[PDB]
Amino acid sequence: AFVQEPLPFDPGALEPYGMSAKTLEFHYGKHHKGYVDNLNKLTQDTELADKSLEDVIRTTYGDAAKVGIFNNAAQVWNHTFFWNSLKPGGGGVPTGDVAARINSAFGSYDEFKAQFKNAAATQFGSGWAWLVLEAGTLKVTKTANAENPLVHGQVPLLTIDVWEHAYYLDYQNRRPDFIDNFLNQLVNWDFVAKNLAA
(Lines of atoms letter the chains of each structure in order from A and count residues from 1; the text may use other names and numbers.)
(Lines give C-alpha, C1' and ligand atoms only; values in the text may rest on other atoms or scores of the structure.)
Protein backbone atom coordinates (compact mmCIF):
# COMPACT_ATOMS: atom_id res chain seq x y z
CA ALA A 1 0.00 0.00 0.00
CA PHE A 2 1.05 3.70 0.30
CA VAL A 3 3.89 3.94 2.83
CA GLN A 4 4.86 7.06 4.75
CA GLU A 5 8.20 8.21 3.47
CA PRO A 6 10.77 8.33 6.28
CA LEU A 7 11.68 11.74 7.65
CA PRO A 8 14.92 12.91 5.91
CA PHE A 9 16.54 13.63 9.29
CA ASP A 10 16.27 12.41 12.89
CA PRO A 11 13.05 13.81 14.43
CA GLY A 12 14.92 15.61 17.21
CA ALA A 13 17.49 17.16 14.82
CA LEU A 14 15.54 20.37 14.25
CA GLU A 15 15.22 21.25 17.92
CA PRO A 16 18.24 23.61 17.96
CA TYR A 17 16.79 25.19 14.79
CA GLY A 18 13.32 26.14 16.02
CA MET A 19 11.21 22.99 15.46
CA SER A 20 10.76 20.75 18.46
CA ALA A 21 11.05 17.02 18.73
CA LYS A 22 7.50 17.04 20.16
CA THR A 23 6.30 18.86 17.04
CA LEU A 24 7.83 16.12 14.84
CA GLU A 25 6.31 13.38 17.02
CA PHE A 26 2.80 14.76 16.50
CA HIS A 27 3.12 16.26 13.05
CA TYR A 28 4.93 13.38 11.34
CA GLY A 29 4.00 10.56 13.77
CA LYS A 30 0.28 11.33 14.07
CA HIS A 31 -0.93 13.81 11.45
CA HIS A 32 1.11 12.68 8.44
CA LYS A 33 0.76 8.98 9.26
CA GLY A 34 -2.97 9.56 9.77
CA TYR A 35 -3.27 10.90 6.23
CA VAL A 36 -1.42 7.84 4.86
CA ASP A 37 -3.82 5.57 6.78
CA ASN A 38 -6.94 7.31 5.48
CA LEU A 39 -5.56 7.37 1.97
CA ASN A 40 -4.95 3.62 2.24
CA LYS A 41 -8.42 2.98 3.75
CA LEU A 42 -10.07 4.83 0.87
CA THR A 43 -7.92 3.45 -2.01
CA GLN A 44 -6.65 -0.09 -1.36
CA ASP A 45 -9.88 -1.71 -2.72
CA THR A 46 -9.83 0.41 -5.87
CA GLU A 47 -8.11 1.32 -9.12
CA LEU A 48 -6.12 4.09 -7.33
CA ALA A 49 -4.13 1.60 -5.24
CA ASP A 50 -1.80 1.15 -8.21
CA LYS A 51 -1.29 4.89 -8.77
CA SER A 52 1.31 7.48 -7.75
CA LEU A 53 0.46 10.17 -5.17
CA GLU A 54 0.70 12.77 -7.90
CA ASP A 55 -1.69 10.96 -10.25
CA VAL A 56 -4.21 10.34 -7.40
CA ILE A 57 -4.08 14.08 -6.64
CA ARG A 58 -4.55 15.19 -10.24
CA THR A 59 -7.23 12.55 -10.97
CA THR A 60 -9.36 13.32 -7.89
CA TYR A 61 -9.02 17.11 -7.82
CA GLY A 62 -12.30 18.91 -8.48
CA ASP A 63 -14.29 15.65 -8.15
CA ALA A 64 -17.11 16.24 -5.70
CA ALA A 65 -17.35 12.49 -5.08
CA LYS A 66 -13.69 11.94 -4.19
CA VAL A 67 -12.92 14.76 -1.72
CA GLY A 68 -11.67 12.37 0.95
CA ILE A 69 -9.21 10.69 -1.39
CA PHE A 70 -8.06 14.09 -2.70
CA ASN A 71 -7.60 15.65 0.71
CA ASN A 72 -5.65 12.69 2.10
CA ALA A 73 -3.48 12.12 -0.98
CA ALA A 74 -2.67 15.81 -1.29
CA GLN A 75 -1.82 16.01 2.46
CA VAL A 76 0.42 12.93 2.24
CA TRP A 77 2.27 14.53 -0.68
CA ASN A 78 2.36 17.97 0.98
CA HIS A 79 3.92 16.65 4.22
CA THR A 80 6.62 14.75 2.45
CA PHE A 81 7.38 17.88 0.43
CA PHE A 82 7.45 19.92 3.64
CA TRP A 83 9.93 17.65 5.46
CA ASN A 84 12.21 17.76 2.38
CA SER A 85 11.92 21.58 2.46
CA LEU A 86 13.55 21.57 5.95
CA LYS A 87 16.96 20.56 7.23
CA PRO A 88 18.99 20.96 10.40
CA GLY A 89 21.15 24.12 9.82
CA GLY A 90 19.04 25.40 6.98
CA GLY A 91 18.49 29.04 6.20
CA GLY A 92 20.99 31.34 4.50
CA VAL A 93 20.55 32.53 0.94
CA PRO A 94 20.03 30.55 -2.19
CA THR A 95 22.81 30.30 -4.77
CA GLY A 96 23.17 29.20 -8.36
CA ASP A 97 20.24 28.97 -10.74
CA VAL A 98 17.64 29.24 -7.95
CA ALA A 99 19.17 32.53 -6.76
CA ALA A 100 19.40 33.86 -10.27
CA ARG A 101 15.75 33.11 -11.01
CA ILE A 102 14.62 34.51 -7.66
CA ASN A 103 16.49 37.73 -8.44
CA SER A 104 14.88 37.98 -11.88
CA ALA A 105 11.27 37.26 -10.70
CA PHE A 106 11.36 39.09 -7.31
CA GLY A 107 14.24 41.60 -7.64
CA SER A 108 16.28 40.09 -4.79
CA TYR A 109 16.28 37.32 -2.19
CA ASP A 110 14.98 39.72 0.50
CA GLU A 111 12.06 40.68 -1.77
CA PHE A 112 11.25 36.98 -2.26
CA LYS A 113 11.40 36.46 1.51
CA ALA A 114 8.84 39.25 2.06
CA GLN A 115 6.44 37.90 -0.52
CA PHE A 116 6.82 34.30 0.76
CA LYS A 117 6.28 35.45 4.34
CA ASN A 118 3.25 37.55 3.36
CA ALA A 119 1.72 34.54 1.58
CA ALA A 120 2.29 32.23 4.50
CA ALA A 121 1.08 34.85 7.05
CA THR A 122 -2.09 35.76 5.15
CA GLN A 123 -3.50 32.37 4.19
CA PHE A 124 -6.52 32.59 6.52
CA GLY A 125 -7.29 29.27 8.10
CA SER A 126 -5.33 26.17 7.29
CA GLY A 127 -3.06 25.89 4.31
CA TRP A 128 0.40 26.19 2.73
CA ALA A 129 2.71 28.72 1.11
CA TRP A 130 4.89 27.83 -1.89
CA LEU A 131 7.68 28.82 -4.22
CA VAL A 132 6.69 27.52 -7.69
CA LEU A 133 7.79 27.56 -11.30
CA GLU A 134 5.00 28.61 -13.67
CA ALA A 135 5.47 29.36 -17.39
CA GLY A 136 9.21 29.48 -16.85
CA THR A 137 9.09 32.12 -14.08
CA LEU A 138 9.17 31.81 -10.34
CA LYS A 139 6.13 32.78 -8.30
CA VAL A 140 5.07 32.78 -4.66
CA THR A 141 1.66 31.23 -3.92
CA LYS A 142 -0.61 30.25 -1.06
CA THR A 143 -3.19 27.44 -1.02
CA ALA A 144 -6.05 26.44 1.24
CA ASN A 145 -6.29 23.25 3.25
CA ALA A 146 -4.87 20.38 1.19
CA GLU A 147 -4.47 22.25 -2.07
CA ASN A 148 -1.16 22.39 -3.69
CA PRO A 149 0.50 23.71 -6.91
CA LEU A 150 0.11 20.38 -8.72
CA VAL A 151 -3.56 21.23 -9.31
CA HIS A 152 -2.74 24.71 -10.64
CA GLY A 153 -0.37 23.69 -13.42
CA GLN A 154 2.65 24.73 -11.35
CA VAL A 155 5.86 22.97 -10.39
CA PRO A 156 6.35 23.14 -6.57
CA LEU A 157 9.86 24.05 -5.42
CA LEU A 158 9.47 24.83 -1.68
CA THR A 159 6.71 24.76 0.93
CA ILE A 160 5.82 25.83 4.42
CA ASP A 161 2.87 24.24 6.28
CA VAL A 162 0.75 26.91 8.01
CA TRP A 163 -1.82 24.57 9.46
CA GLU A 164 -1.69 25.47 13.16
CA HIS A 165 -0.50 21.96 14.07
CA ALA A 166 2.76 22.75 12.24
CA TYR A 167 3.77 25.45 14.75
CA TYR A 168 1.30 25.62 17.66
CA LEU A 169 3.39 23.58 20.14
CA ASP A 170 6.44 25.81 19.54
CA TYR A 171 4.99 29.26 18.60
CA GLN A 172 1.29 29.10 19.61
CA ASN A 173 -0.42 32.04 17.87
CA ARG A 174 2.92 33.45 16.59
CA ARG A 175 2.72 32.31 12.97
CA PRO A 176 4.91 35.19 11.73
CA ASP A 177 7.73 34.15 14.11
CA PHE A 178 7.33 30.54 12.94
CA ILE A 179 7.70 31.68 9.33
CA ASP A 180 10.80 33.81 10.18
CA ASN A 181 12.38 30.80 11.94
CA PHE A 182 11.74 28.67 8.85
CA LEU A 183 13.54 31.17 6.59
CA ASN A 184 16.31 31.79 9.08
CA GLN A 185 17.20 28.30 10.33
CA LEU A 186 15.35 25.54 8.47
CA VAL A 187 14.73 26.21 4.74
CA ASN A 188 16.54 23.62 2.58
CA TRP A 189 17.83 25.30 -0.58
CA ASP A 190 19.42 22.04 -1.76
CA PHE A 191 15.91 20.60 -2.09
CA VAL A 192 14.68 23.67 -3.98
CA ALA A 193 17.61 23.36 -6.37
CA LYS A 194 16.91 19.68 -7.00
CA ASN A 195 13.29 20.53 -7.71
CA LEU A 196 14.16 23.35 -10.13
CA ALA A 197 16.73 21.23 -12.02
CA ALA A 198 14.07 18.57 -12.68
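Sequential numbering from 1, following the sequence displayed.
For the segment pair 94-102 and 71-79, the entry gives 94-102 the higher mean B-factor, averaged over Cα atoms. The PDB entry reports B-factors from which the mean C-alpha value can be compared for 49-57 and 156-164; the larger average falls on 49-57. Reading the B-factor column for the CA atoms of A129, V36, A144, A65 in the entry, the top value corresponds to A65.
Compared with the other modelled residues of the chain, the Cα B-factor recorded for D180 ranks in the lowest third. In the deposited entry, the Cα temperature factor of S108 sits in the top third of values across the chain's modelled residues. Annotation for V140: CA B-factor lies in the middle third of the chain's modelled residues. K41: CA B factor in the highest third of modelled residues in this chain (values from the PDB entry).
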